[PDB]
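Encoded as structure tokens, the structure appears first; notes follow it.
Both backbone and side-chain heavy atoms feed into the values below; hydrogens, waters and symmetry mates do not. The sequence lines fix the lettering, A, B, ..., with proteins before strands; numbering per chain opens at 1.
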Amino acid sequence: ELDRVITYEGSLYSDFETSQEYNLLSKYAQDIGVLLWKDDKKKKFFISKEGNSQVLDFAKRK
Amino acid sequence: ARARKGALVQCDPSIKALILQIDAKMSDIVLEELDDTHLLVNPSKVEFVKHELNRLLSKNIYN
């Protein structure tokens, strides 16, 4: 269905060195309600434009 | 470790296929295939894609 196509602005995260790093940031993003999509097998996730700065800030504080 | 800006598009498999057809024709639309129901698209092309999908589906002479 076309009526069900949804788009979102934001940022795609990738290039994680470890499963633990990927899941840490993925979990934090879910906790604060800004994670829109993820794929554990690729270690990627997509964060809303609104939430991106908080996720970056958390990453830089670890 | 790396982040890139884009537009996430969530859609059914048949719509994903149609957007890929749009990209093949016009280029510079799809940045990444993410999974069976998700694409990363050029943010400046989102409205184009939505309009084109509406035309493809609504103006089909076999409707």
[X] versus chain A, heavy atoms under 4.5 Å apart: side chain, backbone, both or neither?
X       : result
B/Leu34 : both
B/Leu8  : both
B/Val9  : both
B/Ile15 : side chain

request  = Under the salt bridge (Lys or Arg N to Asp or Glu O under 4.0 Å) rule, what do A/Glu9 and B/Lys5 come out as? Steps first, then yes or no, please.
outcome  = CA-CA 8 Å; A/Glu9 310 174 76; B/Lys5 288 180 187 206; over 6 Å; no
Heavy-atom contact with chain B under 4.5 Å, split by part of [X]:
X       : answer
A/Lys41 : neither
A/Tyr8  : both
A/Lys49 : neither

remark   = When every non-hydrogen atom of B/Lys16 is compared with those of B/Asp35, the smallest separation belongs to NZ-O, 2.9 Å
salt_bridge(A/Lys38, A/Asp40) N-O dist < 4.0 Å = yes
Electrostatic pair B/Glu32:A/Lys44 at N-O distance under 4.0 angstrom = yes
ask   = Going by heavy atoms in the side chains, are B/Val49 and B/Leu53 under 4.5 Å from each other?
value = yes
ask   = Between the side chains of A/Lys43 and A/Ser26, does any donor sit under 3.5 Å from an acceptor?
value = no
